[PDB]
């Protein structure tokens with residue numbers, strides 16, 4: 001009873017406890033019926049932060065003494081190349097530690113057990129495409145573009161009553177995204193007001209800056225000017241003023257965008273002319289705009305006329321249910337487009353700044369991968385039936401490592417059933433029988449409380465989440481299990 | 001949170017902890033690789049006692065706050081009609097608690113789960129007699145009398161070097177005592193002197209006493225007199241009544257259970273009669289069944305109301321201690337085994353094992369059925385029970401599967417106390433049983449798997465049927481009782 | 001603020017700790033230059049008890065909570081079938097625990113190693129029948145009466161200088177004693193003076209008492225009387241006292257009474273009578289001597305003054321009060337029975353002369369069966385080195401697991417040569433290697449000669465060990481100590 | 001001062017405790033079944049660092065009062081000029097301290113026991129000398145150059161899935177440098193940019209620097225100039241440098257310090273490639289390669305300078321620009337150079353090439369190796385046990401205690417395999433006694449097998465350094481007189 | 001008992017409490033005989049604002065640990 005001082009057995013437990021504590025908070029977030037949580041902290045925190053995405057909160061806060069923060073940091077790298085959907089990778093790693101309890105009972109070299117990871121690779125061969133799956137999106141694709149994985153990513157997120165519609169909108173954005181040059185030039189801004197649609201799709205670019213209170217409300221047959229150099233004895237200044245206007249009247253210029261500080265003198269002049277300019281426009285938006293507007297060659301005040309190409313469908317500032325912004329539309333190119341999101345309404349609403357970035361990635365993979373797997377636990381039960389056989393028929397050493405890996409899969413069906421509110425035990429017996437039969441389409445239906453046809457619901461998981469999780473699941477852990485717990489010092 | 005008031009889920013956990021703690025101490029006492037343990041206490045304990053037998057130590061002390069004393073008390077009722085062998089019933093009852101963790105996931109009501117226990121009855125019935133119990137042990141029996149179950153009882157006891165030979169001797173004792181209808185006339189004394197044989201079998205009853213330093217050494221065509229009332233009590237009249245009745249009978253030996261009066265004693269020496277003073281009553285009762293008995297009352301006791309055996313009564317040196325031998329009983333039903341041994345705590349240890357060796361063998365003759373030991377029975381049942389869970393509809397299936405799962409730990413427990421990797425042992429073990437060989441089991445000495453029959457290890461059939469149905473009913477009452485509230489006695 | 005708090009590996013330590021504590025006290029005792037320790041306790045203890053014999057002290061006291069009393073109890077059975085010599089069985093068992101530190105390093109299954117204990121069954125038995133060389137003793141035996149094992153038992157004792165002579169004396173005591181009669185009525189005492197002999201042999205039983213200053217110097221064809229009850233117109237009553245006197249003298253004369261011994265106070269009137277008559281009486285005689293004496297004299301029925309004549313059986317040879325150099329003591333001697341006999345050692349109130357009494361009981365046991373066994377082995381550790389050279393071979397011979405346990409047993413014999421030499425006052429390191437070469441060569445007689453400072457001929461010295469002590473020690477020790485390490489953990493829980 | 005004064009048994013104990021703490025952490029790290037380890041520490045570490053190689057972690061941190069740090073420090077000297085492979089030198093040294101508890105029973109003085117070390121030589125020498133182990137290493141050798149010990153050093157480390165091949169490359173480097181002692185002038189670098197083989201072999205030395213944006217890309221029949229003093233009226237310095245330079249035909253300038261701007265303009269037009277703040281370690285090694293020169297003041301060019309004129313150029317081999325020095329006339333010194341895939345594993349390759357390099361140079365020249373998997377150790381145990389009986393008075397005590405120590409090593413290897421060592425300990429003993437030096441513990445087998453088939457051989461140097469260092473440390477602290485102040489610093 | 005530690009079901013109660021706490025202040029305002037509330041805040045606030053309009057006051061301040069700010073914004 002009691003005692004804190006780490007050597008031998010105590011060493012494993014600190015890592016063991018860290019893994020179990022995080023699993024309960026993340027478990028609620030999995031699949032179609034996930035949950036949203038709020039957190040409050042003193043240092044560099046304003047109020048409770050509610051993030052649906054597990055990865056965002058783990059990076060943000062280092063709450064306590066036990067070791068687990070380093071494991072958390074690594075997940076971000078995964079996010080850049082795929083990331084989100086639902087947070088499941090951390091959970092599988094945590095459950096790996098649970099049978100370590102059985103390891104003391106084993107009473108043999110813990111490190112020998114590492115051969116189990118090699119064994120896991122054997123499991124991996126068996127794991128690979130043995131579980132029917134779904135063929136996936138051809139490229140662009142009609143119906144299969146969405147009403148799939150994005151909805152699942154959203155399911156945990158607190159907005160899915162109307163949000164699933166929003167997700168459906170997002171695949172349209174990804175299809176246009178491919179071809180130009182991987183992923184950049186994507187920007188979306190949320191709106192503080194609610195509507196049934198809850199989102200508008202723009203054919204151009206969305207920006208939020210204004211020259212000043214004075215100037216005409218809207219421009220047509222717009223000409224766009226982009227300058228690298230700022231507009232920045234007093235009589236000599238007037239010459240700078242005049243050159244700007246002289247070149248400007250001739251073109252018919254409707255809008256001027258400059259990436260940096262804008263000199264005050266021209267501003268007075270623009271208002272009389274009827275030309276709208278933007279001060280300190282961000283470079284990333286501008287560069288994107290150039291693709292959209294046909295581009296410009298930006299240099300010194302010589303920049304006007306022919307060296308400048310400007311799209312002209314329409315540039316205007318449009319009131320959008322509350323916070324108004326400038327909309328660039330009708331781009332001749334058509335290659336780059338912008339999405340405007342409207343939120344449920346709350347602190348959660350501002351996540352839309354970088355939420356889309358997480359959203360773009362799951363949809364982009366679905367269209368790009370051209371492969372998928374069946375949703376709501378369909379994949380997990382089928383694989384579990386196959387793995388149980390494998391341990392029994394491999395004699396001696398080979399059998400112990402494979403069997404332990406196999407039971408890990410059983411918990412996932414239950415986690416989905418438990419968040420459903422239906423009985424987990426009733427669910428387990430019925431679930432296994434349908435998968436055993438051979439119907440890969442059949443899966444967990446939370447709404448029913450019983451097993452049903454997953455395909456009818458339309459919930460499917462993309463192919464990348466299943467192959468990648470399996471490859472490094474057994475590689476990240478092995479460096480750690482090679483070790484018991486840490487070297488000399490007198491920690492904590 | 002954290003301070004002793006318990007309700008619902010917190011109440012269940014205390015029961016859970018008590019079961020796990022007991023299993024680790026008892027596990028080391030299973031089969032051929034079992035071990036001896038010594039416990040020390042202060043306050044009405046005398047000091048340090050060693051108990052190989054799990055049941056004896058558990059009954060003696062209620063050590064701490066967790067609740068398990070009542071569960072412990074039950075094992076003794078089992079012991080008189082079967083008991084011992086090896087202690088396995090407590091372990092199986094304890095492991096049933098582990099499934100309760102999966103139970104929280106079930107999250108509603110554990111009670112309909114109980115239906116699983118009757119499902120368990122099919123599993124219980126299905127594999128313990130399904131391999132090859134054996135056929136025989138019809139009566140007295142030549143070779144098959146031992147080098148079987150007694151050895152297994154001894155298996156849990158390390159002393160089984162010299163000791164397994166001792167075990168072999170015990171069945172000879174059971175053949176005369178067979179029936180177990182009435183267990184009585186068996187007396188064993190350990191002797192302080194080392195020898196390879198370690199024990200001697202006496203054709204009768206062994207007792208340590210002498211009249212005094214006078215009186216004849218040996219009697220033949222012996223007549224035996226036992227008196228309920230003492231010789232203690234004009235005095236000459238008591239003397240003459242005793243002599244007159246005595247001479248006609250030819251009285252060879254007199255045994256009295258209490259104080260003896262001196263006047264009689266002078267008489268006995270000249271007469272040629274050997275008398276015993278303050279002989280223990282329990283020996284006397286056993287003796288009565290043995291010699292046809294007698295009615296013990298006042299000095300009218302001699303002649304016909306008394307019956308006496310006619311073979312041989314003499315005092316014979318045993319090792320380093322002087323004892324008297326009663327033998328040649330006409331009845332033949334009751335006889336005595338005398339232990340010798342090296343002499344130490346262990347020699348006193350044999351006292352603990354006597355009332356263990358005797359019970360197991362008695363049961364083996366009556367059941368006429370047995371199962372393969374060394375864990376052979378346990379792995380086979382596990383393979384068969386896995387199929388059953390899949391067959392049954394749903395909720396029942398969930399409960400049926402969990403019971404099957406528990407059998408897996410036993411192969412592990414035998415290997416774990418043996419000295420070989422538990423993980424490696426399980427994989428190789430299952431393949432042997434799966435194949436179809438009943439004889440094959442766990443060979444602790446080997447470190448792998450082998451033929452159990454060669455070693456001579458078998459388990460009584462009766463221990464296996466009783467453990468299965470009884471465990472179900474006992475487990476059923478604890479899940480059913482959720483609220484346990486108690487305070488310190490006084 | 002206290003507690004016992006121990007788990008898993010610490011539990012192992014409790015078995016470990018008991019063995020180390022016992023070994024340090026006993027090691028000094030072993031061999032020719034042994035050490036004597038006095039133990040004093042209060043509360044159901046009297047004073048100054050010092051025991052040379054390791055077995056006697058361990059049995060008497062259960063000092064503390066850790067387990068060790070049970071291991072101790074085993075040694076007494078060994079003592080019954082052969083006895084002592086020097087205490088060594090406990091020491092070897094203790095060192096077996098040291099390998100367990102190695103066992104954590106082993107880090108597999110400590111119980112698997114326990115298989116070695118099974119192996120020890122074979123290890124102990126090859127130890128048997130094999131080893132030391134000697135022969136037999138016929139009966140009575142002139143030269144071979146002693147100058148053998150008693151010197152060996154004594155070697156542990158600080159006593160062996162003048163005392164080896166005392167030891168020689170003890171077999172004379174056994175020769176008169178010999179038979180299967182028992183070890184009965186053997187009494188030996190000590191006296192406050194210094195002489196080369198340092199001891200004397202009394203014909204039969206020693207008692208420190210006298211009737212009074214007056215009375216005959218000695219009695220012959222003596223009759224011995226033992227009484228349970230004590231001797232304890234106005235003028236006629238004084239006359240009546242004389243009546244008690246009358247019965248005592250008139251029937252005392254018919255018997256021929258030469259000595260009266262009473263275990264209590266004695267009335268003064270009879271005392272005058274005994275002196276004139278020629279009869280020697282003893283006031284407040286010790287009861288323990290009396291019961292023992294009765295076996296010697298054939299006994300008697302001790303009741304009221306009716307006690308004389310036939311109910312009394314006195315043995316007659318010589319009862320006298322004799323000079324023991326300083327003070328004077330009375331010798332019963334000449335017992336017809338022959339079953340019981342006595343010898344006298346000299347020292348008294350020295351400091352530890354009472355340890356001699358403790359020393360004495362174990363020493364007597366050694367001599368009594370030397371004649372009965374008729375078999376012995378060479379002393380001075382000659383027997384121990386030879387067996388040790390042989391056992392190294394054995395560990396290699398047994399496969400796998402068995403070799404580790406058998407090899408440990410072999411090193412146990414090595415320590416004895418070192419202990420014998422170390423207390424001698426010579427360098428232990430030099431002694432061990434020179435010793436091994438002589439035994440290896442093939443000479444059984446050669447052994448450790450402490451006075452020499454090197455190796456010498458044991459047979460000339462007169463030091464031997466009973467064949468029985470070596471056979472039994474190897475069998476019983478292995479099987480009995482087997483029990484101790486078969487159990488790794490001894491615990492329970494908590495009190496408060 | 002500090003004044004921590006050591007007394008008899010309380011002096012010995014500090015040495016005893018240090019040895020036990022090190023052994024448990026290092027034991028799991030050994031050979032094929034070797035494992036990576038992580039550490040979190042007080043003070044300035046703030047996080048968990050993972051180093052497979054035991055030596056790297058021990059030098060970085062000096063955690064507590066007893067001094068084991070100095071024992072630790074010694075292992076690096078071994079690592080730079082021989083070294084690693086598997087960490088066992090520290091483990092064997094630690095195990096000998098346990099016996100000292102036994103030694104108090106002996107109770108004379110430690111020094112008498114010290115006789116064991118003369119006999120450590122006789123018992124052990126027989127042990128190394130029990131023979132086979134080393135094929136012979138003829139000199140260079142077509143296939144025995146590797147796929148042996150370097151591969152095993154890598155085995156404890158993960159990079160081995162594709163880096164076993166990298167290890168193979170390293171032996172080629174050692175063979176060309178054989179003779180005149182050992183190691184000098186060996187260096188290794190890694191480049192970001194993937195290839196399946198993951199390596200490029202350079203016949204010369206690899207340096208990562210460039211003169212500037214301008215200057216000829218490739219130089220031919222190059223002359224090398226090394227200056228002890230930096231380039232840093234001003235025009236006169238410019239004039240002296242140009243006049244001397246043209247006659248020599250100087251194609252490259254290497255200076256170990258800061259370089260002045262004026263000469264730089266001249267070098268581009270001249271056709272001479274110069275290197276700013278060149279590393280001294282590369283230069284000294286390079287000097288053996290180019291024949292060297294005496295570096296003085298600008299008077300230095302021509303005869304007082306000796307340059308090698310084969311081929312110097314800066315080559316784009318992938319991503320980061322590097323400069324290749326090639327054509328060593330001496331032949332005594334060469335480099336190697338490594339490539340990768342662009343992975344964490346690749347940077348680990350840098351960690352183990354050093355490990356591979358040191359082992360082979362010593363393995364080839366010493367003409368000795370030992371059988372791994374405990375083959376050498378059990379055989380050694382059998383020979384030593386009879387030896388104690390053989391020795392006289394003062395000889396027969398020290399040797400006997402040393403002999404039982406060897407017994408533990410077979411046991412440690414069997415457990416890390418996972419099989420029961422009890423069965424293993426004497427089954428193993430019977431095979432060594434028989435006469436097969438090639439037989440030993442087979443971790444993969446789970447019992448005993450043929451070590452030679454496995455291909456695990458240990459450098460003879462790794463085994464001598466460990467055994468001698470093992471108890472010398474034990475005997476020195478117990479003796480310690482008039483200790484002064486405290487802390488290794 | 002004795003602590004403010006809360007999880008899952010007890011956790012729900014804090015959400016529960018926020019809704020009840022807001023209702024008592026607002027109810028007085030809801031009709032033809034309302035009260036009037038002032039609310040003075042210390043730290044980066046300009047004077048105490050006394051508001052009879054319930055919507056205006058809930059939006060202006062995020063007073064404490066319990067969560068109700070998000071309900072208010074809509």
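The chain as shown is numbered from 1 upward.
The deposited model was determined using electron microscopy, 10.5 Å.
The backbone N, Cα and C atoms fix where each Cβ goes, and this holds for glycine too.
In the three-state DSSP scheme, residue D:463 (ATP binding site) is classed as helix. Taken from Swiss-Prot, the feature ATP binding site applies to D:31, D:85, D:86, D:87, D:458, D:463, supported by similarity to another entry.
Residues or ranges marked as ADP binding site by Swiss-Prot: D:31, D:85, D:86, D:87, D:88, D:155, D:156, D:373, D:458, D:463. Cβ contacts within 10 Å of residue D:88 (ADP binding site), excluding its own Cβ and spanning all protein chains shown: 23.
Taken from Swiss-Prot, the feature Mg(2+) binding site covers D:84. Secondary structure at residue D:84 (Mg(2+) binding site), taken from DSSP and collapsed to helix, strand or coil, is coil.
The phosphoserine annotation in Swiss-Prot covers D:47. All protein chains shown were included, and the count of other CB atoms within 10 Å of the CB of residue D:47 (phosphoserine) stands at 11.
Classification of residue D:141 (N6-acetyllysine) by DSSP places it in coil, neither helical nor stranded. For residue D:141 (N6-acetyllysine), the same-chain residues lying six or more positions away in sequence with a CB closer than 8 A to its CB are D:175. Residues or ranges marked as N6-acetyllysine by Swiss-Prot: D:141 (among others).
Annotation source Swiss-Prot lists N6-acetyllysine at D:168 (among others). Within 10 Å of the C-beta of residue D:168 (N6-acetyllysine) we count 16 further C-beta atoms, all protein chains included.
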Of D:85, D:86, D:168, i.e. the recorded positions, those within 10 Å of residue D:156 (ADP binding site) when Cα atoms are compared: D:85, D:86
Filtered D:47, D:168, D:458 - recorded positions with C-beta under 8 A from chain A: D:47
Fewest-neighbour residue among binding-site residues, criterion Cβ within 10 Å, set D:31, D:85: D:31
Neighbour tally for residue D:86 (ATP binding site), based on other Cβ positions within 10 Å of its Cβ: 23
Among the ATP-binding set D:31, D:85, D:86, D:87, D:458, D:463, as the record gives it, the longest Cα-Cα distance in Å: 15
Nearest-integer angstrom distance between the alpha carbons (Cα) of residue D:463 (ATP binding site) and residue D:88 (ADP binding site): 9
Pairwise Cα distance for residue D:86 (ATP binding site)/residue D:168 (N6-acetyllysine) [Å, integer]: 17
Secondary structure of residue D:458 (ATP binding site) (DSSP, helix/strand/coil): strand
Residues within 8 Å of the D:31, D:85, D:86, D:87, D:458, D:463 Cβ centre (excluding the ATP site residues themselves): D:30, D:84, D:88, D:89, D:152, D:153, D:372, D:459, D:462
DSSP three-state assignment (helix, strand or coil) for residue D:156 (ADP binding site): coil
Neighbourhood of residue D:458 (ATP binding site), C-beta criterion under 8 angstroms, separation at least six: D:85, D:86, D:88, D:149, D:369, D:370, D:371, D:372, D:376
Inter-residue Cα distance where the pair is residue D:31 (ATP binding site) and residue D:47 (phosphoserine), in Å: 27
Residue pair residue D:168 (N6-acetyllysine), residue D:84 (Mg(2+) binding site) - Cα distance, angstrom, rounded: 17
Residue D:156 (ADP binding site), number of other Cβ atoms within 10 Å: 26
Cβ neighbours of residue D:84 (Mg(2+) binding site) where a neighbour is any other Cβ within 10 Å: 24
Nearest-integer angstrom distance between the alpha carbons (Cα) of residue D:31 (ATP binding site) and residue D:84 (Mg(2+) binding site): 11
Set of same-chain residues at least 6 away whose C-beta sits under 8 angstroms from residue D:87 (ATP binding site): D:26, D:29, D:30, D:53, D:54, D:55
